[PDB]
Every structure is written in C-alpha cells, then in structure tokens.
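Written out below as structure tokens is the structure these notes cover.
Each answer follows from the model by the rule given with it, or from the source it names; no laboratory read-out is quoted. Quick reminder, even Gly has a Cβ in these numbers, built from the backbone with ideal geometry, and neighbours come from all protein chains shown.
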Amino acid sequence: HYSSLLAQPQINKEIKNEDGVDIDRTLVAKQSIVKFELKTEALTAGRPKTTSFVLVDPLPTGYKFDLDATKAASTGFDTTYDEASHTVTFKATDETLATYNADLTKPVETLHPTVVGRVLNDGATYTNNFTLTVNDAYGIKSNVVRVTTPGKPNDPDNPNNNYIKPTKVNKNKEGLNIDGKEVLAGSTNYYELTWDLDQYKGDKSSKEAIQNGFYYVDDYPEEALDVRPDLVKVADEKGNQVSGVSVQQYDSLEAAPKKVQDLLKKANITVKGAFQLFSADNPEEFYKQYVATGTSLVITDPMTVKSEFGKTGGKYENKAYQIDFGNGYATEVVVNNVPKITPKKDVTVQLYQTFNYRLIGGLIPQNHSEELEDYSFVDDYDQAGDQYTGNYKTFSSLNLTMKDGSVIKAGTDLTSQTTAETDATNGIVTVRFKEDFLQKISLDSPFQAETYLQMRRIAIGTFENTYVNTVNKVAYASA
Ligand SMILES: [Ca+2]
Ligand SMILES: [Ca+2]
C-alpha cells in the first residue's frame, strides 16, 4: 500500500545553478551557487492521514550551505542544519500537512524544499542525495547527482579537465625559452603569457558568474623594463588573432579604479608597484567563444631593458595571474639577470716611438639570451698628439665555443674576422666584428675580445684617449 503512496517517479533530486539550468554530471566554476532541489511528486488518492513528512539531505564536503537562502526557497517546511555532519533536514509544517490532509480521496500536489549553497574547491566532484520518510513507515532514497569543478585530470564526465595552470615563459624573437638566462642591455623580453582555458570546456556556469568578468594580470618589473604597447597581441594556441581583449597599464594598485582593486583582492592577487590588466571587454561573447569552448589564449607581452638598468645591471622578475569567474590563479615566477659590462684600456714612450692602445672588450657572460650582432671597439684618440699607424690585432680573451662544436682557444687572433674604418675628421678608429662571425657563436658560450691599436706619438705632451665598446648597439664607456 505504501510503495504506491507517492505518484509516478515518486522523488527526484535535481541540481541546478542560479539560472535554473540542470547541471548534473557537468562542470561549473568554483564559487558557483549550486541548488539541490528535492522534488517530491503528488500524493496518490486513498492514502492515510499524513503525520510526518521529513526530508534529510547529507550535504557534500566543499559545499558551503547558506541557511537563509535555503529557508526562503523552502516555504512550507522548517529547516534545521546539523553543522557537525553537514546534514540539513526539512520537516513539513503543520499548515502544509493540513493541505495534505484536506480530502484524502483526491490526489494533492506536495511541496518541495531546495538546498542553496556554493562549491568551494577546484577540481572536486560534488555528490548528493536525499531520503524522504513519511509517517515513519515508508521512506525512499533518492538518485545520486553530481557536479564537478574544473581542476582535476581524468574526469570521466569531462575528458578535457585538468589543472588550471596559467604559464609564463620568457622568449627572444626566435622563440627560444630564455628562462633564467642573462639578458644584455637594450634587449627585449618577448614574454609569453598563457591564458589557461582548456579545462573550462563544457562549463555551464551562470550568466552572472560570467558577468564577474575574465581578466589577466601581469606584475611586470617596472623598475627595470618598459612595456612595448604596440607589440602586445592576444592569439589562440594555434596562431589566429583575438580582438576581444583590451589592455590597461596602472602605475600602482592604489592609483587604479576601485573596481580593479576590488577585483584583485577578491582573487587574492597583490602586485609590487605597476602591473597590466587584460580585460575581456564583453565577458559574455568572450565566454561563448573561448571559455566554453576550452581554447586557451596566448599573450605575447614584450618588454625591453631600460637604458640605465643595462649600465647598472641586476636581476628582475615577471609574474602573471589568471582571473576567471572572479577566481585567481598564479603563474610561476620567471627570473632574468642583466650583466654589467665595463670595458677597460691600458697602453703597451718617447717621440715617434710606436706603442699600442690595449682595448679590452666587455664580458658577454655564459648562458645569454640574444645573439651577438655587434661587438665593436671605438677609439677616439687625439690626432694632434698621436696618430694611428693602421695596424691592429684582435684576440679572443677567453675560450669560445659555438654552434658547430669547435672551441676557439683563448688568445687566438681573430683579426681575419674584423673590419676597421677610420674617421679622420674627428680622429676615431672603429674595429668591428662583422655580423656573420658574431652570429656564429653559441648562446651558451661566453664572449670577450681585445684589440691592440698600433699608434705612435707625433707631438710632445700627454693626450686624452676615450675608448667605447659596443654590444648590440648599446655603447659602454671605459676607464
Ligand atoms: Ca611590478
Ligand atoms: Ca680625436
């Protein structure tokens, strides 16, 4: 008699987001409001009078139960919550018990409560069921329902699920990862920021979670580098361009719109000084086209070494963040070092005696980022006192390896790979390494060279002589 008390499907647990969309066995963003709806079908006619009508729902871990939201959605019940066992119980009021017992010869439609909370963890599966016991004589156990948040691989319901890991790598223009490498003055860091969106494929988040926006933050070292605002570009993982991503630079977080600071503090992101904020313009179109389709974006964010910072040297760090649906995830930190270049000069007298200016070049340290395209010696002598004979010899100052594999020994004459020229107007000798020899050198080998400029005194007295070394068209004085 009691197995036919509730009607056709009897009971049915449903799980929805805040737009009322069935999200069972699908994927939803972290912090999403998730409604457990404990539907119960009409009571058959010819029943006994209903003493009790009790639904008990043990809630899953990671689901933060909201008491006043679930009470408002469960009129006709009285809501009790056991915090120690994550269990919520709904007991039908005597007023809807009365409407269940108004005429037992007709079917009556029964009320149902709704649990309202939000999921709190990434890469978690949330399971739920509930039991309904009536008149402590029957009792029915419901079907299990599932929702999953992105962040865990090998999810059987979503085969694209994985770790939400935004990545940042430093590249030159050839695409070589230069993480941790040395970077010479005037060079540019072609930073690659990945906007990790693969795992969000199949997401059914609400329309207001999407309205929290989609952003990318880059905490760039403002004290060492300058942004190249016209070379920032957002592309998908293949190469096609992305228009719908705007970029704004802020010199400090405290000098930024209060919306932006609220954004970062609700994602637990804090920035050292200046940062960039990539925005989605219209988040809804950005969602349908990149988030819901699981197509990650790539942001090339090139920045160049300041002039002064190349002369002082030091180290700098870049770090980025990804902010989807309001939730923040952080890249690892990429580190680079700028070497301080300081060439020196000695001499090696008496009227018309020949002598050499020894011009030692700057040390290009091991494990550098960019190809050498310029290593030149520039000597501005006093033509009224000394004159340049026209002979000179350039030697490596250390052991040079390169791409073929050979190692050029320390002290080897490299003058058959140089090119001099003379400016008689100002009195300037310029010994240059050509490009095709410099661009034959491995990026992991060091580089240093010296030239001996043969000169002779043609006047009495002492005379000043300035020497300037050049590496990739940045000029270093000397002492
Ligand atoms: Ca910064
Ligand atoms: Ca001169």
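So for the stretch 184-191 (the condition being away from ligand 1 (no atom under 16 Å from the Cβ) and either aliphatic (A, V, I, L, M) or under 30 Å from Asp22 (Cα atoms) (or both)), does at least one residue qualify?
From the stretch 184-191, those away from ligand 1 (no atom under 16 Å from the Cβ) are 184-188, 190; that's our starting set.
Next, from what is left, pick out any that are either aliphatic (A, V, I, L, M) or under 30 Å from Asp22 (Cα atoms) (or both): 184-185.
Yes, there is a match, as at least one residue in the stretch 184-191 is away from ligand 1 (no atom under 16 Å from the Cβ) and either aliphatic (A, V, I, L, M) or under 30 Å from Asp22 (Cα atoms) (or both).
Within the stretch 252-262, the only residue that satisfies the criterion of being in contact with a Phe, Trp or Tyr (Cβ under 9 Å, 6 or more places away or on another chain), within 16 Å of ligand 1 (Cβ to nearest atom) and not aliphatic (A, V, I, L, M) is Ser252. Only residues that are assigned to a strand (DSSP E or B) and within 16 Å of ligand 1 (Cβ to nearest atom) were counted across the stretch 263-290, and they come to 4. For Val115, are the conditions met, namely being more than 21 Å from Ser206 (Cα to Cα) and of a type in the set (A, V, I, L, M)? The answer is no for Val115.
Applying the condition of being part of a strand (DSSP E or B) and hydroxyl-bearing (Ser, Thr, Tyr) to the stretch 313-331 and asking which residue is surrounded by the fewest Cβ atoms within 10 Å (Cβ to Cβ) yields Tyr329. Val468 fulfils the conditions (1) farther than 30 Å from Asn170 by Cα; (2) surrounded by fewer than 16 Cβ atoms within 10 Å (Cβ to Cβ) except for a single criterion, (2). For the stretch 432-464, residues that are crowded, with 19+ Cβ neighbours inside 10 Å and either within 16 Å of ligand 2 (Cβ to nearest atom) or not assigned by CATH to the domain that holds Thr348 (or both) total 2. Of these, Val349, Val334, which one is of a type in the set (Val, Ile, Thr), away from ligand 2 (no atom under 16 Å from the Cβ) and under 30 Å from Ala274 (Cα atoms)? Result of the check over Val349, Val334: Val334. Being under 19 Å from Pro229 (Cα atoms) and of a type outside the set (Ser, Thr, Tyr): is that true of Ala267 here? For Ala267, the condition - under 19 Å from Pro229 (Cα atoms) and of a type outside the set (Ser, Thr, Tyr) - is not met. Selection of the stretch 448-473 for residues being closer than 20 Å to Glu373 by Cα and either aromatic (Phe, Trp, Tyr) or out of contact with any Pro (no Cβ under 7 Å at 6 or more places or on another chain) (or both) yields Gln448, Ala449, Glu450, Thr451, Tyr467, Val468, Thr470, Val471, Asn472, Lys473. Residues that are under 17 Å from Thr270 (Cβ atoms) and either within 16 Å of ligand 2 (Cβ to nearest atom) or among the aliphatic types (A, V, I, L, M) (or both) within the stretch 209-251 comprise just one, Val217. Residue count for the stretch 90-123 under the criterion of being surrounded by 17 or more Cβ atoms within 10 Å (Cβ to Cβ) and acidic (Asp, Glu): the result is 1.
Filter the stretch 1-23 down to the residues that are under 32 Å from the mean Cα position of the chain (by Cα), crowded, with 16+ Cβ neighbours inside 10 Å and not polar (S, T, N, Q) and list them by number. Those that are under 32 Å from the mean Cα position of the chain (by Cα), crowded, with 16+ Cβ neighbours inside 10 Å and not polar (S, T, N, Q): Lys16, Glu18, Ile23. Taking the criterion of being out of contact with any strand residue (DSSP E or B) (no Cβ under 6 Å at 6 or more places or on another chain) and crowded, with 22+ Cβ neighbours inside 10 Å, the only residue of the stretch 291-304 that qualifies is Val291.
Test of understanding: among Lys39, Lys64, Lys106, which residue is assigned by CATH to the domain that holds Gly139, under 17 Å from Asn12 (Cα atoms) and not aliphatic (A, V, I, L, M)?
On the way: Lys64 fails: under 17 Å from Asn12 (Cα atoms); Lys106 fails: under 17 Å from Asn12 (Cα atoms).
Unique residue meeting the criteria: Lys39.
Filter the stretch 381-414 down to residues that are out of contact with any helix residue (DSSP H, G or I) (no Cβ under 7 Å at 6 or more places or on another chain) and charged (D, E, K, R) and give me whichever is nearest to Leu363 (Cα to Cα). Among residues in the stretch 381-414 that are out of contact with any helix residue (DSSP H, G or I) (no Cβ under 7 Å at 6 or more places or on another chain) and charged (D, E, K, R), the one nearest to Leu363 (Cα to Cα) is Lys409.
Annotation: of all residues in the stretch 345-403 being of a type in the set (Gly, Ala, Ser) and within 14 Å of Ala449 (Cα to Cα), the one that is nearest to ligand 1 (Cβ to nearest atom) is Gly362. Failed condition for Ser416, given (1) of a type in the set (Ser, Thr, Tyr); (2) touching a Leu at 6+ places or on another chain (Cβ under 6 Å); (3) farther than 27 Å from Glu174 by Cα, with all others met? (2) is the only condition that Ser416 fails.
Of the residues screened, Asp380 is one that is within 16 Å of ligand 2 (Cβ to nearest atom), surrounded by 16 or more Cβ atoms within 10 Å (Cβ to Cβ) and not hydroxyl-bearing (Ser, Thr, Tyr).
Please go through the stretch 383-400 and pick out each residue that is surrounded by 15 or more Cβ atoms within 10 Å (Cβ to Cβ), more than 16 Å from ligand 2 (Cβ to nearest atom) and of a type in the set (S, T, N, Q). If you could, list the steps in order and put the result at the bottom.
Taking the stretch 383-400 and keeping what is surrounded by 15 or more Cβ atoms within 10 Å (Cβ to Cβ), we get 383, 385-388, 392-398, 400.
Remaining after also requiring more than 16 Å from ligand 2 (Cβ to nearest atom): 392-398, 400.
Across the stretch 383-400, the qualifying residues are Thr394, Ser396, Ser397.
Would you mind stating whether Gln248 is under 17 Å from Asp301 (Cα atoms), within 15 Å of the chain's Cα centre (by Cα) and within 15 Å of ligand 1 (Cβ to nearest atom)? Criteria not met by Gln248.
Which of the residues belonging to the stretch 402-425 are within 15 Å of ligand 2 (Cβ to nearest atom) and touching a strand residue (DSSP E or B) at 6+ places or on another chain (Cβ under 7 Å)? Write out each step before concluding.
As a first pass, look at the stretch 402-425 and keep what is within 15 Å of ligand 2 (Cβ to nearest atom): 421-425.
If the condition is that a residue be within 15 Å of ligand 2 (Cβ to nearest atom) and touching a strand residue (DSSP E or B) at 6+ places or on another chain (Cβ under 7 Å), then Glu421, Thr422 are the ones that fit.
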